[PDB]
Peer 1: 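Pasting a structure here, questions to come.
Naming: A, B, ... by sequence-line order, numbering from 1 per chain.
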Amino acid sequence: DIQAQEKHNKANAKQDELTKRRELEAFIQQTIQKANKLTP
Amino acid sequence: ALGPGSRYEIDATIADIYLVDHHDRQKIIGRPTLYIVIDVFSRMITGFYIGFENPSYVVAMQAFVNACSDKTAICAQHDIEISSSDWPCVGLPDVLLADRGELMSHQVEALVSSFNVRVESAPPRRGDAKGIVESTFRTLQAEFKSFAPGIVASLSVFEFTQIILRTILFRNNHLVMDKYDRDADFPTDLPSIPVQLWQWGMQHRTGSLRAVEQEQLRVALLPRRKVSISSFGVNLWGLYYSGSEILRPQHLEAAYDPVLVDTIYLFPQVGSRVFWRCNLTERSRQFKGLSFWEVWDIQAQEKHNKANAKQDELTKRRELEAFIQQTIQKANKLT
Amino acid sequence: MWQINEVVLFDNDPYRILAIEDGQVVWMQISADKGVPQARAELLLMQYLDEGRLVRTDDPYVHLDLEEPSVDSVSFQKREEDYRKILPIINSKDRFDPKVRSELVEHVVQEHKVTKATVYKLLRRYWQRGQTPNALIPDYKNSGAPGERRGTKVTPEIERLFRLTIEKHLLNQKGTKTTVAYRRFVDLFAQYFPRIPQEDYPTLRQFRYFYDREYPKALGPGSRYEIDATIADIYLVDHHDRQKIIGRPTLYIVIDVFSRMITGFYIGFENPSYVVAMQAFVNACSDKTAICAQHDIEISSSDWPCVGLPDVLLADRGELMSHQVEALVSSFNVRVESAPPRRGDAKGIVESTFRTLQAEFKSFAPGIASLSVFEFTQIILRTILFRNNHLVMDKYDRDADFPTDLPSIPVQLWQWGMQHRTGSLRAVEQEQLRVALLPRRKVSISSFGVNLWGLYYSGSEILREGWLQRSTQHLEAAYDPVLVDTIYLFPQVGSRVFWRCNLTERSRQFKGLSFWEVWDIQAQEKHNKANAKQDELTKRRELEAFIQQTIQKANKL
Amino acid sequence: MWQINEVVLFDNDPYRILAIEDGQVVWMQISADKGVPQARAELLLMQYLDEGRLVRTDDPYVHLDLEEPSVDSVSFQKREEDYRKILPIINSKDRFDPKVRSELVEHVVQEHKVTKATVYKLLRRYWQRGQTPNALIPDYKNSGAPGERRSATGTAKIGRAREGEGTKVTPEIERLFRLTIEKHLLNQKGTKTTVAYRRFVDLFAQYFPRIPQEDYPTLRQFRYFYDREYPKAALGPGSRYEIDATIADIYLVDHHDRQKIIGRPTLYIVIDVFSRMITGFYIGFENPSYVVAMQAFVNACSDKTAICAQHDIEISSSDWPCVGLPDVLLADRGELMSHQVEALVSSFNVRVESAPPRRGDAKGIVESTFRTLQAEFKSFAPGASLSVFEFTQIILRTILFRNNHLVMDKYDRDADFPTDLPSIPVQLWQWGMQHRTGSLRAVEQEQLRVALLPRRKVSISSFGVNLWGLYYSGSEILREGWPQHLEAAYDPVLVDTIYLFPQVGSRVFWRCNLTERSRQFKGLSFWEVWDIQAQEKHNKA
Amino acid sequence: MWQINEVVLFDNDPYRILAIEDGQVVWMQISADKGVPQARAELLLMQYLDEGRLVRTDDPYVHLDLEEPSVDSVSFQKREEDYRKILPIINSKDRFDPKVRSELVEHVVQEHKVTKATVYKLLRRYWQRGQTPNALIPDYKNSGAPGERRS
DNA sequence: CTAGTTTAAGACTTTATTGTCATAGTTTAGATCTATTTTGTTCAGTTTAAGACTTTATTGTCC
DNA sequence: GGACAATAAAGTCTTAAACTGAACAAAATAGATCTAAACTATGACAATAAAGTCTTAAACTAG
């Protein structure tokens with residue numbers, strides 16, 4: 001029953017999840033860039 | 001009605017970066033190009049391939065080979081844990097949109113008769129691969145043109161591939177389209193997200209995809225060339241190969257991958273795609289680990305220094321001879 | 001759930017899924033030779049899977065993925081025609097309904113002039129083999145049963161007789177022929193079957209076939225050579241002793257006609273002649289790594305790739321010795337004919353740094369500046385290396401069959417000829433060729449050894465063979481006119497074997513010299529024997545001079 | 001990785017590699033007596049080697065190339081004749097192709113009149129044994145079965161016929177022979193095979209009484225058995241010599257003290273009869289005699305380099321080549337002391353025969369500058385400003401010139417003499433020594449000199465040894481310090497040293513020098529001593 | 001170059017050279033009491049000298065050129081008739097030929113009434129000790145074992 | 001009806017079996033060559049035991 | 001102790017009869033090589049026949 005509620009909540013708006021995961025993607029890309037710069 | 005797996009389309013782009021090896025950080029590979037395959041109904045990405053040369057359809061068939069396989073192994077190999085629901089794309093589509101006149105004849109024959117995939121005319125493109133890349137890089141336009149085999153800066157490839165894979169997964173699973181033309185039958189509670197549309201279509205309209213095995217599909221789509229046979233083995237592009245089945249006709253043929261010169265696939269009898277594997281011999285062993293583009297570049301360099309280098313070496317050796325002769329004669333005269 | 005075109009076992013019976021639709025699944029059996037596709041509900045399939053009646057499997061018709069029939073073959077055309085005929089039915093949506101299937105079948109029959117049975121067979125093959133056009137390829141590859149067995153013919157009794165005769169005669173035996181075994185079989189068959197005439201026995205062709213089946217077991221490089229020579233004016237000096245004078249040198253060179261590449265050379269300190277150029281020819285057929293290494297020059301095989309005998313020598317037989325011509329023509333298989341007019345290649349080699357005199361070939365006449373030879377040889381060798389390897393010829397004529405990327409450099413032409421025209425040269429051992437081409441003269445034999453030119457030689461073979469006693473005979477010896485230390489005696493007239501002889505004690509005071517100065521010294525000794533009478537008077541005068549000087553000196557005291 | 005003429009094992013079969021060319025390797029089996037060479041690829045050989053079916057070994061014909069049959073033996077001519085037949089085929093570059101090979105074989109058959117099978121056999125032998133001429137030597141060394149016995153088989157008798165008939169040696173006769181040999185011959189010494197044969201005859205008699213005596217095995221058969229398997233393993237240089245003498249009228253003086261006058265010199269010379277060459281000389285100061293000419297004979301047999309070097313003359317061995325004893329010395333036996341003749345004849349083996357009439361070849365040496373008086377040999381009887389040095393130098397240089405450069409006119413050349421041979425002494429000596437004489441004989445100079453000196457009886461006293469009224473003593477006489485007729489040899493030109501002979505019968509000598517109480521005579525000769533004593537005796541009475 | 005009557009060592013064995021004529025050399029060993037002189041070629045001796053198989057040494061019988069036995073002694077007589085016995089053979093140009101040598105030995109045996117073995121012994125002893133009359137003096141000087149204790 | 005199946009006949013497709021050549025390389029009996037082993041006869045040079053000669057140490061008879 | 005035998009020990013020599021070893025020539029015997037004619041194994045070509053697959057025509061059949 002809880003899983004159905006979680007799925008409904010996720011499918012309700014999904015814009016907040018979109019923005020949060022875009023932020024996470026940008027952060028991890030920047031982290032990889034910094035690690036590459038510091039690698040040599 | 002249209003649905004997931006009814007039509008596939010190709011796209012490509014070029015990124016303005018230079019790549020290096022992951023272990024040896026001092027070897028420059030070149031500028032990267034990206035190929036992607038898009039499903040028309042859901043606008044979802046199905047496969048990819050990274051090259052380092054001019055975009056062409058002959059090379060774009062490797063993204064189609066990728067598009068029909070299971071992608072768990074490559075995701076795991078790049079330290080990514082993935083489940084089937086995030087990428088459910090295994091099987092063969094119905095129609096592939098490309099240029100029939102820009103592909104080889106054997107490729108079209110294999111696609112049409114042996115695997116039953118219809119090849120039709122491609123529609124105009126959009127900024128799909130460009131949109132994937134230009135988020136954190138610089139892009140210049142890429143144009144497909146003919147295949148030309150023969151003779152005519154701190155980032156590694158691993159990190160580039162990891163970034164590309166994570167971007168693809170993010171766009172597929174979480175991003176929401178805006179200019180999508182919705183259909184009447186769509187439920188109101190269904191957002192324009194590629195995986196949701198994929199699931200709805202698979203549940204309602206198409207059913208499933210078709211069965212296929214990867215080795216035959218990959219071999220059937222490689223490029224081919226005529227080879228020579230002699231006491232030194234099999235001669236292809238100037239290199240020499242041998243195998244166990246050879247140590248046991250006028251027009252034989254072999255398939256090669258333009259990325260690694262290590263192995264080739266010889267077709268012994270005509271009318272069949274049964275092959276033998278051939279590896280490099282010691283007579284060409286000093287080419288191990290290279291690609292065909294690098295080998296062709298080396299051959300071009302070797303055949304280039306034969307016009308003015310002749311006179312340059314002539315003059316240099318002439319004055320060297322004059323100097324040694326004069327110094328020897330002077331030393332003899334002194335004593 | 002399931003994919004399209006996948007096979008399952010349902011109670012040990014293979015079935016193929018043709019279409020999956022919402023609430024229905026259509027399948028067909030691929031084991032019999034009749035039937036039509038049939039459908040039912042997914043819940044039943046789930047029930048059978050839960051019970052364990054359905055299991056997964058592979059496709060027996062997967063090999064059809066490897067087929068690519070050639071154009072203008074029967075398989076290709078038959079496949080295309082069959083697919084063209086049955087295309088309109090499988091494209092239709094209501095292809096699994098018997099009624100519409102019927103109207104479509106007779107619609108095809110009307111316009112294609114084919115019976116219903118063939119149309120049904122084609123549809124059955126398409127559905128049962130994997131829903132591809134390669135499923136409509138005829139099975140003509142099965143005709144003839146390849147690899148399988150099929151004026152009297154062969155009978156099982158005759159086969160048993162064949163096996164018996166082979167078993168007791170051919171197997172585990174050596175030195176037995178097939179014809180004698182055939183004769184034995186003929187005897188056996190005659191003594192079992194007397195009625196059949198003679199012209200009706202099985203032949204030896206059949207017997208041998210059964211036994212074999214049942215019991216498996218233009219002008220390129222090296223075509224011709226040429227010889228040239230020149231003279232250098234400078235006087236040379238001995239390297240160890242900077243006071244000795246040798247003389248002005250003469251250079252012989254050997255040239256390949258095709259590539260114009262230089263193969264060998266020789267330096268001699270006398271008048272040019274065709275007898276002495278044979279040493280240049282001997283050098284031209286050897287490996288020059290050692291001679292270059294000895295002169296402080298490091299060389300690789302690639303730099304001078306010229307070892308082996310040629311095919312033709314260009315020289316006139318009139319100026320050569322008969323034994324040399326015979327050895328070239330017969331012993332080593334080298335043809336000799338007329339020499340074309342020569343050009344100044346040797347002078348071109350030497351004119352860069354020295355003044356040259358014109359060289360003319362004369363007859364062989366044996367009998368009665370601080371630069372050293374080492375530096376001269378080094379200079380000539382390096383000049384030859386540069387001229388061969390890097391210098392480009394401008395007046396060289398190019399034939400039609402040459403690539404445009406081939407420069408006029410002798411080594412490139414040599415390699416191109418090796419890889420395209422003439423293969424390689426023949427092999428030879430150096431000592432035999434060197435000895436066989438030296439000049440030779442008649443010798444005498446006595447208890448003091450072998451006498452040649454007034455000198456005496458001895459060896460171990462003449463002692464063991466006890467020859468000095470039973471041979472006191474017209475014998476020949478070969479000599480090198482540059483050193484008197486060793487000679488080569490031919491023990492039999494027109495033979496191939498030679499024995500090496502060294503100087504004895506009576507003549508070891510000539511050691512280290514050459515024959516030219518030995519002949520000089522002999523002429524001087526003859527002149528001294530002539531003028532000894534005049535020398536006697538001078539000796540006398542010196543005698544009285546000393547006597548009177550001593551007497552007067554004594555008288556002084 | 002592969003070398004020409006290398007032998008390898010392929011499935012336990014030996015194969016020899018003949019050639020390598022552009023990916024191909026030609027090989028031939030060396031075990032059977034049929035076949036032709038085959039060709040394969042090098043990649044297949046590498047696969048064979050990696051799998052483990054191909055290994056390396058040694059060539060069973062390495063010894064073949066180190067062979068040398070003598071000329072006139074059938075091996076030599078057979079090899080030379082067979083190598084000349086197949087020469088056009090092995091000199092071809094198409095010799096491994098069947099059709100061209102057939103054409104070449106047909107040409108050889110038509111030319112040399114030989115069958116085709118012989119050509120194929122010769123080619124096979126050449127290829128199988130190492131591609132050398134020694135591969136064409138026949139196998140005649142195997143015929144006749146060398147080293148094996150012929151007694152087991154046959155019935156007849158092998159060998160010559162008796163000039164009536166014997167028997168054949170059978171294995172039982174061999175057993176009897178071995179029994180007798182083991183009994184009576186092995187591990188002993190001083191025993192003869194004849195008595196062993198006598199002992200075998202008795203045993204044969206008792207075993208075979210029927211057989212008569214004339215059919216017994218003989219002693220040659222027994223001896224051959226025992227040996228087989230019980231092994232126990234005219235004129236010329238230095239032929240006649242002559243003596244001549246002369247006197248010069250000039251008076252010579254001492255080199256240091258020019259006041260002293262020595263006298264008139266006498267010259268002795270020794271001549272080779274054959275080539276008329278001067279071999280030795282001696283300068284005296286008294287009337288000529290043979291006893292003093294023995295010193296010239298002694299000097300003639302030695303090496304003259306030292307004496308010439310002492311007089312500031314440099315010569316070599318080629319200028320005066322006369323070292324050793326001649327066969328004959330030609331002088332007067334009567335006018336010599338008996339010990340001299342005995343020593344010459346017995347200890348040195350030189351004959352002494354009578355002298356011929358003399359000549360004047362000494363004058364030619366001496367008369368060129370000085371006036372000469374007549375010289376005559378007679379019996380021994382003992383009891384200006386010009387030094388001797390310059391006179392000796394002049395004599396030596398004149399003799400050297402006469403020996404080396406002067407040409408004789410009256411000499412009669414021999415028949416065998418080459419025309420271009422000058423009539424000069426040294427040339428004749430060298431020619432004769434090279435062709436006729438050989439060499440001379442060996443001698444020790446000190447023994448020869450001491451053996452020909454004059455001898456005198458001495459006396460023993462407290463003062464020492466008394467010779468000619470002079471006193472000598474030495475170290476060795478002190479140990480005993482003692483009269484059985486002792487004797488001593490002396491040199492009549494110097495009185496310093498004498499040679500005593502202690503033991504009679506041998507010429508072992510002790511050296512004795514002048515004592516202090518008689519050395520007022522030191523430095524001068526015996527003639528001066530005799531003159532002084534004579535004048536003292538004349539003026540003391 | 002060699003002289004007559006010179007001693008050499010060949011493989012550490014002494015040999016005395018007896019004659020030289022036209023490239024041939026006759027020599028005999030001087031170690032054992034049996035044998036006859038042998039001849040070979042001069043160039044073979046040069047070969048032997050080349051690689052050190054033939055060297056020079058001292059003559060073990062030089063002490064015989066010091067002996068002058070007195071008249072009316074046993075050595076004097078014995079030497080005189082022993083020399084007169086073999087004088088005919090040694091004055092022949094075929095003394096080194098086996099067959100003529102056999103005939104000469106037979107002649108001496110008949111004329112002097114002596115045994116063949118004695119003649120061969122005298123020839124061997126003359127050739128071994130230097131070819132002089134003094135080589136035929138008997139060894140009587142060792143008899144009696146002088147200067148010892150009889151015991 | 002009616003949608004799907006069966007059978008006999010003739011032609012087509014693929015390949016195994018057999019008849020004749022042509023030729024590079026081999027086999028076979030018989031004759032002759034090359035080398036060996038075994039025995040009879042001769043002759044130049046050697047061995048062996050016995051007794052005699054040669055030389056000298058050790059002792060006897062005498063002063 | 002001196003001396004003179006004087007008897008014996010140690011080494012050397014010749015004889016007489018017998019023996020020996022190397023060399024030659026003639027028998028008997030064992031292995032190698034060549035000829036001359038015929039033969040054998042192999043590959044290439046052409047023909048023939050067997051075995052499998054295919055469609056047609058006409059009636060049949062399960063529903």
Peer 1: When you measure from the side-chain N and O atoms of C:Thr179 to the phosphate of G:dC39, is any distance below 4.0 Å, counting only OP1 and OP2?
Peer 2: no

Peer 1: For the pair D:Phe204 and D:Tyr216, name the ring-plane relationship: parallel under 30°, tilted 30 to 60°, perpendicular over 60°.
Peer 2: perpendicular

Peer 1: Give a yes/no on whether any side-chain N or O of D:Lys34 is located under 4.0 angstrom from OP1 or OP2 of F:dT27.
Peer 2: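 Yes, within the criterion.
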
Peer 1: For DNA chain G, which residues in residues 143-151 of chain E have a heavy atom at a distance below 4.0 Å?
Peer 2: E:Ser143, E:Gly144, E:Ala145, E:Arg150

Peer 1: So which nucleotide from G:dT53, G:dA32, F:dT47 ends up closest to the side chain of D:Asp139?
Peer 2: G:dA32

Peer 1: Return no unless some side-chain N or O of D:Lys121 is found under 4.0 Å from OP1 or OP2 of G:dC34.
Peer 2: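 D:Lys121 to G:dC34 OP1/OP2: side-chain N or O found under 4.0 Å.
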
Peer 1: Between F:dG60 and G:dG2, how many Å separate the two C1' atoms, rounded to a whole number?
Peer 2: 14 Å

Peer 1: Rounded to whole angstrom, note down the P distance from F:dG45 over to G:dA17.
Peer 2: 22 Å

Peer 1: Please evaluate the base of F:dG40 for a donor-acceptor partner in the side chain of D:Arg220 within a cut-off of under 3.5 Å?
Peer 2: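 Such a pair exists between side chain and base.
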
Peer 1: So, is E:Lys99 near the phosphate of F:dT42, with a side-chain N or O under 4.0 Å from OP1 or OP2?
Peer 2: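 Checking F:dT42 against E:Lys99, no side-chain N or O comes under 4.0 Å of OP1 or OP2.
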
Peer 1: Between F:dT39, F:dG25, G:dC54, which one does the side chain of D:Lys157 approach most closely?
Peer 2: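 Shortest atom-to-atom distance from the side chain points to F:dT39.
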
Peer 1: Start at the 5' end of DNA chain F and walk down; is the nucleotide closest to D:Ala117 or to D:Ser75 reached first?
Peer 2: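 Counting from the 5' end, the first nearest nucleotide belongs to D:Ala117.
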
Peer 1: Could you state the CG-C1' distance from C:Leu170 to G:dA41, rounded to the nearest angstrom?
Peer 2: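 C:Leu170 atom CG is separated from G:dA41 atom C1' by 13 Å.
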
Peer 1: Distance only, no hydrogens: is a donor on one side chain within 3.5 Å (strictly under) of an acceptor on the other, for C:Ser31 and C:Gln29?
Peer 2: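 The criterion, which ignores hydrogens and geometry beyond distance, is satisfied for C:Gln29 and C:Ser31.
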
Peer 1: From the options F:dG25, F:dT38, G:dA30, select the nucleotide whose nearest atom is closest to the side chain of D:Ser102.
Peer 2: F:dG25

Peer 1: Can you tell me if D:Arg223 touches the phosphate of G:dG21, counting only side-chain N or O atoms and a distance under 4.0 Å to OP1 or OP2?
Peer 2: yes

Peer 1: Given G:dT53, is OP1 or OP2 found less than 4.0 Å from the side-chain N or O atoms of C:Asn142?
Peer 2: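 C:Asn142 to G:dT53 OP1/OP2: side-chain N or O found under 4.0 Å.
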
Peer 1: Select one nucleotide: of F:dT55, F:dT34, F:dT6, the one nearest the side-chain heavy atoms of E:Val74.
Peer 2: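 Of F:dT55, F:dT34, F:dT6, F:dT55 is nearest to the side chain of E:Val74.
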
Peer 1: Which nucleotide wins on minimum distance to the side chain of D:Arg150, given the candidates F:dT26, G:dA28, F:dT18?
Peer 2: G:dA28

Peer 1: When you get a sec, tell me which of F:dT38, F:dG45, F:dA3 is the closest nucleotide to the side chain of E:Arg101?
Peer 2: F:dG45

Peer 1: According to a strict under-4.0 Å criterion, is D:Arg228 in side-chain N/O contact with OP1 or OP2 of F:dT38?
Peer 2: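 Answer yes for this pair, as a side-chain N or O of D:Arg228 is under 4.0 Å from OP1 or OP2.
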
Peer 1: Can you find a donor-acceptor pair, distance only, under 3.5 Å between D:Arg160 side chain and G:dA25 base?
Peer 2: yes

Peer 1: Using only side-chain N and O atoms of C:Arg125, determine if any of them is under 4.0 Å from OP1 or OP2 of G:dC54.
Peer 2: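 It does, given that an N or O in the side chain of C:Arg125 lies less than 4.0 Å from OP1 or OP2 of G:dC54.
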
Peer 1: Does C:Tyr140 place a side-chain N or O at less than 4.0 Å from the phosphate oxygens OP1/OP2 of G:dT53?
Peer 2: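 Result: no.
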
Peer 1: Check whether C:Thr152 reaches the backbone of C:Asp200 with its side chain - one donor and one acceptor, N or O, closer than 3.5 Å.
Peer 2: yes

Peer 1: Taking only N and O in the side chain of C:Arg150, is any of them less than 4.0 Å away from OP1 or OP2 of F:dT14?
Peer 2: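 False: C:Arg150 side-chain N/O out of range (4.0 Å or more) of F:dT14 OP1/OP2.
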
Peer 1: Of the nucleotides F:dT18, G:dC54, F:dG45, which one has an atom closest to the side chain of C:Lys78?
Peer 2: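 Nucleotide nearest to C:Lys78's side chain: G:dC54.
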
Peer 1: Would a line drawn from the ring center of D:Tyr226 to the ring center of D:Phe177 be shorter than 6.0 Å?
Peer 2: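 No, too far apart.
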
Peer 1: Can you tell me if the side-chain N/O atoms of D:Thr118 get under 4.0 Å from OP1 or OP2 in G:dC34?
Peer 2: no

Peer 1: Closer than 4.0 Å, any side-chain N/O of C:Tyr209 to the OP1 or OP2 of F:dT17?
Peer 2: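 True: C:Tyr209 side-chain N/O within range (under 4.0 Å) of F:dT17 OP1/OP2.
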
Peer 1: Calculate the interatomic distance between C:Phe96 atom CZ and F:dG4 atom P; express it in whole Å.
Peer 2: 13 Å

Peer 1: With a cut-off of less than 4.0 Å, is there a side-chain N or O of D:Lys168 near OP1 or OP2 of F:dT37?
Peer 2: no

Peer 1: For C:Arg149 and F:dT14, give me the distance from atom CZ to atom P, rounded to whole Å.
Peer 2: 25 Å

Peer 1: Whole angstrom is fine here: how far is it from CD in E:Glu103 over to P in F:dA44?
Peer 2: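 The distance from CD of E:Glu103 to P of F:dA44 comes to 8 Å, rounded to the nearest Å.
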
